$ cat run36.pdb   # PDB, C-alpha atoms and all ligand atoms
ATOM      1  CA  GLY W   1     -54.820 -30.978  16.171  1.00  0.00           C
ATOM      2  CA  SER W   2     -52.083 -28.350  16.262  1.00  0.00           C
ATOM      3  CA  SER W   3     -48.312 -27.946  15.973  1.00  0.00           C
ATOM      4  CA  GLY W   4     -45.516 -25.457  15.369  1.00  0.00           C
ATOM      5  CA  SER W   5     -41.952 -25.084  14.115  1.00  0.00           C
ATOM      6  CA  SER W   6     -38.768 -23.128  14.823  1.00  0.00           C
ATOM      7  CA  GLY W   7     -36.180 -21.641  12.485  1.00  0.00           C
ATOM      8  CA  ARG W   8     -33.361 -19.100  12.408  1.00  0.00           C
ATOM      9  CA  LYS W   9     -30.061 -18.163  10.763  1.00  0.00           C
ATOM     10  CA  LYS W  10     -27.308 -15.995  12.245  1.00  0.00           C
ATOM     11  CA  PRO W  11     -25.409 -13.603   9.937  1.00  0.00           C
ATOM     12  CA  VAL W  12     -21.752 -13.916   8.940  1.00  0.00           C
ATOM     13  CA  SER W  13     -19.023 -11.573  10.172  1.00  0.00           C
ATOM     14  CA  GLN W  14     -16.949 -11.003   7.035  1.00  0.00           C
ATOM     15  CA  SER W  15     -13.757  -9.112   7.872  1.00  0.00           C
ATOM     16  CA  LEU W  16     -10.974  -7.714   5.687  1.00  0.00           C
ATOM     17  CA  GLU W  17      -7.362  -8.862   5.368  1.00  0.00           C
ATOM     18  CA  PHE W  18      -5.849  -6.000   3.369  1.00  0.00           C
ATOM     19  CA  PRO W  19      -2.691  -4.779   5.156  1.00  0.00           C
ATOM     20  CA  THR W  20      -3.063  -1.105   4.243  1.00  0.00           C
ATOM     21  CA  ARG W  21      -6.003   0.849   2.829  1.00  0.00           C
ATOM     22  CA  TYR W  22      -3.559   1.777   0.067  1.00  0.00           C
ATOM     23  CA  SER W  23      -0.183   0.509  -1.143  1.00  0.00           C
ATOM     24  CA  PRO W  24       2.689   2.962  -1.755  1.00  0.00           C
ATOM     25  CA  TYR W  25       4.455   0.775  -4.316  1.00  0.00           C
ATOM     26  CA  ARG W  26       2.838  -1.044  -7.239  1.00  0.00           C
ATOM     27  CA  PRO W  27       4.317  -4.169  -8.882  1.00  0.00           C
ATOM     28  CA  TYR W  28       2.169  -3.573 -11.964  1.00  0.00           C
ATOM     29  CA  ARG W  29       3.378  -0.761 -14.219  1.00  0.00           C
ATOM     30  CA  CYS W  30       2.316   0.036 -17.783  1.00  0.00           C
ATOM     31  CA  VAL W  31       4.973  -1.126 -20.245  1.00  0.00           C
ATOM     32  CA  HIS W  32       3.953   1.347 -22.949  1.00  0.00           C
ATOM     33  CA  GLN W  33       7.040   3.521 -23.406  1.00  0.00           C
ATOM     34  CA  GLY W  34       5.588   6.788 -22.143  1.00  0.00           C
ATOM     35  CA  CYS W  35       2.840   5.927 -19.668  1.00  0.00           C
ATOM     36  CA  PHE W  36       2.977   6.861 -15.983  1.00  0.00           C
ATOM     37  CA  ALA W  37       0.248   4.538 -14.711  1.00  0.00           C
ATOM     38  CA  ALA W  38      -0.051   1.478 -12.471  1.00  0.00           C
ATOM     39  CA  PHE W  39      -2.518  -0.582 -10.437  1.00  0.00           C
ATOM     40  CA  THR W  40      -1.823  -2.765  -7.401  1.00  0.00           C
ATOM     41  CA  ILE W  41      -4.483  -5.209  -8.584  1.00  0.00           C
ATOM     42  CA  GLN W  42      -3.843  -7.038 -11.858  1.00  0.00           C
ATOM     43  CA  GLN W  43      -7.516  -6.593 -12.738  1.00  0.00           C
ATOM     44  CA  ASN W  44      -7.705  -2.836 -12.179  1.00  0.00           C
ATOM     45  CA  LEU W  45      -4.654  -2.796 -14.452  1.00  0.00           C
ATOM     46  CA  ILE W  46      -6.480  -4.476 -17.334  1.00  0.00           C
ATOM     47  CA  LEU W  47      -9.164  -1.830 -17.849  1.00  0.00           C
ATOM     48  CA  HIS W  48      -6.442   0.822 -17.682  1.00  0.00           C
ATOM     49  CA  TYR W  49      -5.255  -0.446 -21.066  1.00  0.00           C
ATOM     50  CA  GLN W  50      -8.838  -0.439 -22.342  1.00  0.00           C
ATOM     51  CA  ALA W  51      -9.526   2.981 -20.827  1.00  0.00           C
ATOM     52  CA  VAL W  52      -6.316   4.625 -22.035  1.00  0.00           C
ATOM     53  CA  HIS W  53      -5.240   2.713 -25.141  1.00  0.00           C
ATOM     54  CA  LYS W  54      -8.596   0.975 -25.579  1.00  0.00           C
ATOM     55  CA  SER W  55      -6.707  -2.318 -25.827  1.00  0.00           C
ATOM     56  CA  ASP W  56      -5.831  -5.469 -23.886  1.00  0.00           C
ATOM     57  CA  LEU W  57      -2.495  -6.334 -22.276  1.00  0.00           C
ATOM     58  CA  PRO W  58       0.111  -8.025 -24.513  1.00  0.00           C
ATOM     59  CA  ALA W  59       1.083 -11.701 -24.517  1.00  0.00           C
ATOM     60  CA  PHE W  60       4.376 -12.833 -22.985  1.00  0.00           C
ATOM     61  CA  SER W  61       3.488 -16.407 -22.028  1.00  0.00           C
ATOM     62  CA  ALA W  62       1.703 -19.592 -23.092  1.00  0.00           C
ATOM     63  CA  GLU W  63      -0.902 -22.046 -21.806  1.00  0.00           C
ATOM     64  CA  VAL W  64       0.825 -22.710 -18.483  1.00  0.00           C
ATOM     65  CA  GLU W  65      -0.414 -22.802 -14.889  1.00  0.00           C
ATOM     66  CA  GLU W  66       2.749 -23.651 -12.953  1.00  0.00           C
ATOM     67  CA  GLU W  67       5.036 -21.776 -10.560  1.00  0.00           C
ATOM     68  CA  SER W  68       8.467 -23.417 -10.505  1.00  0.00           C
ATOM     69  CA  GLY W  69       9.700 -20.098  -9.152  1.00  0.00           C
ATOM     70  CA  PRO W  70      13.116 -19.424  -7.581  1.00  0.00           C
ATOM     71  CA  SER W  71      12.412 -20.494  -3.999  1.00  0.00           C
ATOM     72  CA  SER W  72      14.183 -18.642  -1.187  1.00  0.00           C
ATOM     73  CA  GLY W  73      17.948 -19.088  -1.170  1.00  0.00           C
TER
HETATM   74 ZN    ZN G 101      -0.877   2.842 -20.128  1.00  0.00          ZN
END

$ encode --input "run36.pdb" --output "structure tokens" --more "lines below"
Ligand SMILES: [Zn+2]
Amino acid sequence: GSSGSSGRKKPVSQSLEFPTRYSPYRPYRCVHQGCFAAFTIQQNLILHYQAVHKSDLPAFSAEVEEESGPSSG
């Protein structure tokens, strides 16, 4: 006897969402009194402390995963 089979898989078109290749303002700014550095991404900001002051960011919070932020108005 004899027989065959078919198979395939189309790729995925992964696009970007970033608004601008680079942001002018940065919400994250080193607290260290005397450090002119900042990183848009919270992550890229972590290493900065380990690359400059070879340390990790401070602690100003506790085991909490809530928002309860001041909604508009
Ligand atoms: Zn710093």

$ residues_near_point --input "run36.pdb" --point "(2.9, 1.6, -18.3)" --cutoff "12 Å" --atoms "all atoms listed in the file" --output "JSON, numbers by chain"
{"W": [26, 27, 28, 29, 30, 31, 32, 33, 34, 35, 36, 37, 38, 39, 45, 46, 48, 49, 52, 53, 57, 58]}

$ atom_distance --input "run36.pdb" --atom1 "CA of residue 43 (chain W)" --atom2 "CA of residue 72 (chain W)"
27.4 Å

$ closest_residue --input "run36.pdb" --among "W:61, W:20, W:68, W:44" --to "ligand ZN 101 (chain G)" --atoms "all atoms listed in the file"
W:44

$ closest_residue --input "run36.pdb" --among "W:14, W:23, W:50, W:2" --to "ligand ZN 101 (chain G)" --atoms "all atoms listed in the file"
W:50

$ axis_aligned_box --input "run36.pdb" --around "region 40-53 of chain W" --padding-each-side "5 Å" --output "lines of an AutoDock Vina configuration file"
center_x = -5.7
center_y = -1.2
center_z = -16.3
size_x = 17.7
size_y = 21.7
size_z = 27.7

$ atom_distance --input "run36.pdb" --atom1 "CA of residue 15 (chain W)" --atom2 "CA of residue 67 (chain W)"
29.2 Å

$ closest_residue --input "run36.pdb" --among "W:51, W:21, W:64, W:16" --to "ligand ZN 101 (chain G)" --atoms "all atoms listed in the file"
W:51

$ closest_residue --input "run36.pdb" --among "W:12, W:66, W:73, W:56" --to "ligand ZN 101 (chain G)" --atoms "only C-alpha atoms and all ligand atoms"
W:56

$ atom_distance --input "run36.pdb" --atom1 "CA of residue 25 (chain W)" --atom2 "CA of residue 41 (chain W)"
11.6 Å

$ closest_residue --input "run36.pdb" --among "W:40, W:55, W:3, W:71" --to "ligand ZN 101 (chain G)" --atoms "all atoms listed in the file"
W:55

$ decode --input "run36.pdb" --residues "region 22-44 of chain W" --atoms "N, CA and C atoms" --output "PDB file, in the first residue's frame"
ATOM      1  N   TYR W  22      11.871  56.762  21.754  1.00  0.00           N
ATOM      2  CA  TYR W  22      12.487  57.233  22.988  1.00  0.00           C
ATOM      3  C   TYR W  22      11.605  58.269  23.677  1.00  0.00           C
ATOM      4  N   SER W  23      11.547  58.201  25.003  1.00  0.00           N
ATOM      5  CA  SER W  23      10.737  59.131  25.783  1.00  0.00           C
ATOM      6  C   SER W  23      11.589  60.282  26.310  1.00  0.00           C
ATOM      7  N   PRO W  24      11.076  61.513  26.159  1.00  0.00           N
ATOM      8  CA  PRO W  24      11.771  62.720  26.614  1.00  0.00           C
ATOM      9  C   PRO W  24      11.824  62.822  28.134  1.00  0.00           C
ATOM     10  N   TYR W  25      10.706  62.508  28.782  1.00  0.00           N
ATOM     11  CA  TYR W  25      10.624  62.565  30.237  1.00  0.00           C
ATOM     12  C   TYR W  25      10.638  61.164  30.839  1.00  0.00           C
ATOM     13  N   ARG W  26      11.226  61.042  32.025  1.00  0.00           N
ATOM     14  CA  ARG W  26      11.307  59.757  32.709  1.00  0.00           C
ATOM     15  C   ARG W  26      10.753  59.861  34.127  1.00  0.00           C
ATOM     16  N   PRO W  27       9.740  59.036  34.429  1.00  0.00           N
ATOM     17  CA  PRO W  27       9.102  59.015  35.749  1.00  0.00           C
ATOM     18  C   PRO W  27      10.018  58.444  36.826  1.00  0.00           C
ATOM     19  N   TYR W  28      10.998  57.652  36.406  1.00  0.00           N
ATOM     20  CA  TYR W  28      11.941  57.042  37.336  1.00  0.00           C
ATOM     21  C   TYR W  28      13.234  57.848  37.409  1.00  0.00           C
ATOM     22  N   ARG W  29      13.524  58.383  38.590  1.00  0.00           N
ATOM     23  CA  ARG W  29      14.730  59.176  38.795  1.00  0.00           C
ATOM     24  C   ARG W  29      15.433  58.774  40.087  1.00  0.00           C
ATOM     25  N   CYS W  30      16.734  58.520  39.993  1.00  0.00           N
ATOM     26  CA  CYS W  30      17.523  58.126  41.155  1.00  0.00           C
ATOM     27  C   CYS W  30      17.271  59.068  42.329  1.00  0.00           C
ATOM     28  N   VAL W  31      17.015  58.489  43.499  1.00  0.00           N
ATOM     29  CA  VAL W  31      16.759  59.276  44.699  1.00  0.00           C
ATOM     30  C   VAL W  31      18.059  59.772  45.320  1.00  0.00           C
ATOM     31  N   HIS W  32      19.103  58.954  45.224  1.00  0.00           N
ATOM     32  CA  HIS W  32      20.406  59.310  45.776  1.00  0.00           C
ATOM     33  C   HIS W  32      20.687  60.797  45.588  1.00  0.00           C
ATOM     34  N   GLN W  33      20.796  61.520  46.698  1.00  0.00           N
ATOM     35  CA  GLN W  33      21.063  62.952  46.654  1.00  0.00           C
ATOM     36  C   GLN W  33      22.394  63.238  45.967  1.00  0.00           C
ATOM     37  N   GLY W  34      22.343  63.448  44.655  1.00  0.00           N
ATOM     38  CA  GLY W  34      23.553  63.728  43.902  1.00  0.00           C
ATOM     39  C   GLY W  34      23.777  62.737  42.777  1.00  0.00           C
ATOM     40  N   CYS W  35      22.700  62.364  42.094  1.00  0.00           N
ATOM     41  CA  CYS W  35      22.784  61.415  40.991  1.00  0.00           C
ATOM     42  C   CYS W  35      21.846  61.817  39.857  1.00  0.00           C
ATOM     43  N   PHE W  36      22.426  62.240  38.738  1.00  0.00           N
ATOM     44  CA  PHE W  36      21.643  62.654  37.580  1.00  0.00           C
ATOM     45  C   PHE W  36      21.438  61.488  36.617  1.00  0.00           C
ATOM     46  N   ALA W  37      20.610  60.531  37.023  1.00  0.00           N
ATOM     47  CA  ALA W  37      20.328  59.365  36.197  1.00  0.00           C
ATOM     48  C   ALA W  37      18.851  58.989  36.264  1.00  0.00           C
ATOM     49  N   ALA W  38      18.381  58.272  35.249  1.00  0.00           N
ATOM     50  CA  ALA W  38      16.988  57.848  35.193  1.00  0.00           C
ATOM     51  C   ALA W  38      16.760  56.857  34.057  1.00  0.00           C
ATOM     52  N   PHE W  39      15.721  56.039  34.189  1.00  0.00           N
ATOM     53  CA  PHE W  39      15.395  55.045  33.173  1.00  0.00           C
ATOM     54  C   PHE W  39      13.885  54.871  33.048  1.00  0.00           C
ATOM     55  N   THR W  40      13.369  55.087  31.841  1.00  0.00           N
ATOM     56  CA  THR W  40      11.940  54.956  31.587  1.00  0.00           C
ATOM     57  C   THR W  40      11.399  53.645  32.148  1.00  0.00           C
ATOM     58  N   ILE W  41      12.115  52.556  31.889  1.00  0.00           N
ATOM     59  CA  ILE W  41      11.707  51.243  32.370  1.00  0.00           C
ATOM     60  C   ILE W  41      12.195  51.003  33.796  1.00  0.00           C
ATOM     61  N   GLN W  42      11.302  50.508  34.645  1.00  0.00           N
ATOM     62  CA  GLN W  42      11.642  50.233  36.037  1.00  0.00           C
ATOM     63  C   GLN W  42      12.807  49.253  36.128  1.00  0.00           C
ATOM     64  N   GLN W  43      12.839  48.292  35.211  1.00  0.00           N
ATOM     65  CA  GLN W  43      13.900  47.292  35.190  1.00  0.00           C
ATOM     66  C   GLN W  43      15.253  47.939  34.911  1.00  0.00           C
ATOM     67  N   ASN W  44      15.364  48.594  33.759  1.00  0.00           N
ATOM     68  CA  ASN W  44      16.604  49.256  33.373  1.00  0.00           C
ATOM     69  C   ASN W  44      17.082  50.200  34.472  1.00  0.00           C
TER      70      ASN W  44
END
